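A short write-up of the structure that comes next.
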Amino acid sequence: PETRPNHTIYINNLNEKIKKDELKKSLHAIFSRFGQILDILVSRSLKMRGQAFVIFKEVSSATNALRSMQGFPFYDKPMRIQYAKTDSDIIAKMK
RNA sequence: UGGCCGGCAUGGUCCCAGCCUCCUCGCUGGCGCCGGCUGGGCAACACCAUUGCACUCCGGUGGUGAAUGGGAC
Ligand SMILES: [Tl+]
Ligand SMILES: [Tl+]
Ligand SMILES: [Tl+]
Ligand SMILES: [Tl+]
Ligand SMILES: [Tl+]
Ligand SMILES: [Tl+]
Ligand SMILES: [Tl+]
Ligand SMILES: [Tl+]
Ligand SMILES: [Tl+]
Ligand SMILES: [Tl+]
Ligand SMILES: [Tl+]
Ligand SMILES: [Tl+]
Ligand SMILES: [Tl+]
Ligand SMILES: [Tl+]
Ligand SMILES: [Tl+]
């Protein structure tokens, strides 16, 4: 089941009461120190709420963020992080 | 009234204050009573359901089944 290292970390178990614009800003606030972030994808649709895709420019940053913030209390909930299953289009359009 | 009708009650017109609200939050909006038909949208708010791997926004339901007094002519 486990996923292979990726530029994009998949975060779930996020407080679903937070508006999209705010959630993105807040995630950037804590994850930006791990390395440049190309984009953060969030959607509030039934299928996608409580989840987010932080897209790092370098896999090292994403690996660092995954281990360093695993289970970090965010909006009162323990963030759960993994590597996304596949690359984000932004990553493909480059690499 | 979001949009529409019926029954009842109710002298007029302003002024101040408080309060109300999913569909022109406010002073050239509304704030007696009862009942009935019905459009839009989940945008905010609430609730229900959801732990879900995306890169095309995109689950559902609910609210107006609302809000008072005083003052001047
Ligand atoms: Tl109405
Ligand atoms: Tl009427
Ligand atoms: Tl009167
Ligand atoms: Tl008033
Ligand atoms: Tl209103
Ligand atoms: Tl008003
Ligand atoms: Tl008014
Ligand atoms: Tl009104
Ligand atoms: Tl009615
Ligand atoms: Tl009525
Ligand atoms: Tl309706
Ligand atoms: Tl939409
Ligand atoms: Tl669709
Ligand atoms: Tl909804
Ligand atoms: Tl009065």
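Below, all heavy atoms of this structure are taken into account, side chains as well, without hydrogens, waters or symmetry copies. In what follows, every chain begins at residue 1, and chains take the letters A, B, ... in the order their sequences are listed.
Contact annotation for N15(A): no contact, since no heavy-atom pair falls under 4.0 Å across all strands. Within the nucleic acid shown, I55(A) has no heavy atom closer than 4.0 Å to any nucleic acid atom. Within the nucleic acid shown, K19(A) comes within 4.0 Å of sugar-phosphate atoms alone, with no base atom in reach, counting heavy atoms only.
Every pair passing side-chain hydrogen bond (donor to acceptor under 3.5 Å, both in side chains) that includes a residue from residues 39-52 of chain A is listed here, sequence neighbours excluded: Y10(A)-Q51(A), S43(A)-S45(A). Evaluation of the ring pair (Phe, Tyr, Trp, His ring centres under 6.0 Å) test over residues 54-95 of chain A, restricted to residues two or more places apart or in two chains, returns none.
The bases of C8(B) and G69(B) do not line up as a Watson-Crick or G-U pair with both contact lengths under 3.5 Å. A Watson-Crick or G-U wobble pair links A46(B) with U61(B), each of its two atom distances being under 3.5 Å. Applying the 3.5 Å cutoff to both bonds, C19(B) and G30(B) register as a Watson-Crick or G-U wobble pair. Nucleotide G52(B) is annotated as unpaired relative to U10(B) [Watson-Crick or G-U wobble, both distances under 3.5 Å]. Here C20(B) does not sit opposite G62(B) as a base pair, Watson-Crick or G-U wobble, with both distances under 3.5 Å.
With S61(A) contributing its side chain and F34(A) its backbone, the two residues share a donor-acceptor pair below 3.5 Å.
Comparing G39(B) with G3(B), their P atoms are spaced 15 Å from each other, to the whole Å. Comparing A67(B) with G35(B), their P atoms are spaced 14 Å from each other, to the whole Å. Between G26(B) and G30(B), the two P atoms lie 15 Å apart (nearest whole Å). Distance noted for atom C1' between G7(B) and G29(B): 26 Å (whole Å). Spacing between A43(B) and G63(B) at atom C1', rounded to whole Å, works out to 15 Å. Between the P atoms of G32(B) and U13(B), the separation comes to 14 Å (whole Å). Straight-line distance between the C1' atoms of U68(B) and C20(B): roughly 10 Å, to the nearest whole Å. Nucleotides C55(B) and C19(B) are separated by 48 Å at their P atoms, to the nearest Å.
Figure legend. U56(B) is base-paired to no nucleotide; pairs are counted as Watson-Crick or G-U wobble with both atom distances under 3.5 Å. In this entry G2(B) has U38(B) as its Watson-Crick or G-U wobble partner, both defining distances falling under 3.5 Å.
Along RNA chain B, the nucleotide nearest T8(A) and the nucleotide nearest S45(A) are compared for position; the residue whose nucleotide lies closer to the 5' end is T8(A). The nearest heavy atom of RNA chain B to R44(A) and to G50(A) marks one nucleotide each, and the one closer to the 5' end goes with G50(A).
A84(A) and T3(A) make their closest contact through O-CG2, 3.2 Å (heavy atoms, listed as atom of the first residue, atom of the second, distance). Considering all non-hydrogen atoms of both residues, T8(A) and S88(A) come closest at OG1-OG, 2.7 Å. The two atoms that bring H28(A) and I40(A) nearest to each other are N-CD1, 3.8 Å, heavy atoms only.
Rounded to an integer number of Å, the gap from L14(A) CG to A54(B) P is 16 Å. Per the geometry, CD1 belonging to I18(A) stands 13 Å off P belonging to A44(B), to the nearest Å. Note: CD1 (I9(A)) to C1' (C55(B)) measures 16 Å, nearest angstrom. Protein atom CG of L41(A) is 12 Å distant from nucleotide atom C1' of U56(B), rounded to whole Å. Remark: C1' of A43(B) and CG of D21(A) are 15 Å apart, rounded to the nearest angstrom. Distance CG (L46(A)) to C1' (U51(B)): 11 Å, rounded to an integer number of Å. Rounded to an integer number of Å, the gap from CD of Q82(A) to P of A54(B) is 12 Å. Distance CD1 (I90(A)) to P (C55(B)): 11 Å, rounded to an integer number of Å.
Looking at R49(A), its side chain comes within 3.5 Å of the base of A49(B) through a donor and an acceptor atom. Residue side chain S88(A) reaches the base of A54(B) through a donor-acceptor N/O pair under 3.5 Å, judged by distance alone. Residue-to-nucleotide contacts include a donor-acceptor pair under 3.5 Å from the side chain of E16(A) to the base of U50(B). The base of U51(B) has none of its N or O atoms less than 3.5 Å from a complementary donor or acceptor on the side chain of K47(A).
Among the nucleotides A49(B), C53(B), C55(B), the one closest to the side chain of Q51(A) is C53(B). Listed nucleotides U51(B), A49(B), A54(B) differ in distance to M48(A); the shortest reach to its side chain belongs to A54(B). When distances are taken from the side chain of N12(A) to each of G52(B), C53(B), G59(B), the shortest belongs to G52(B).
Neighbours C31(B) and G32(B) form no stacked pair of bases, judged on six-membered rings against the 5.5 Å and 30° limits. Stacking between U51(B) and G52(B) holds: their six-membered rings sit with centres below 5.5 angstrom apart and planes below 30 degrees. Stacking of the bases of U21(B) and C22(B) is not indicated, since the six-membered rings fail the criterion of centres under 5.5 Å apart and planes under 30° apart. Adjacent in the strand, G36(B) and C37(B) form a stacked pair, their six-membered rings being closer than 5.5 Å at the centres and less than 30 degrees apart in orientation. For the strand neighbours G63(B) and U64(B), base stacking is absent under the 5.5 Å centre-distance and 30-degree plane-angle rule.
Stacking of the aromatic ring of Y10(A) onto the base of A54(B) is not found under the criterion of centres within 5.5 Å and planes under 30°.
With a 4.5 Å cut-off on side-chain heavy atoms, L27(A) and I11(A) count as touching. Using a 4.5 Å heavy-atom cutoff, the side chains of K19(A) and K17(A) are not in contact.
OP1 or OP2 of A43(B) has not a single side-chain nitrogen or oxygen of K20(A) nearer than 4.0 Å.
Note: the hydrophobic cluster containing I91(A) does not contain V42(A) (ILVMFWY, side chain heavy atoms under 4.5 Å, direct or indirect links).
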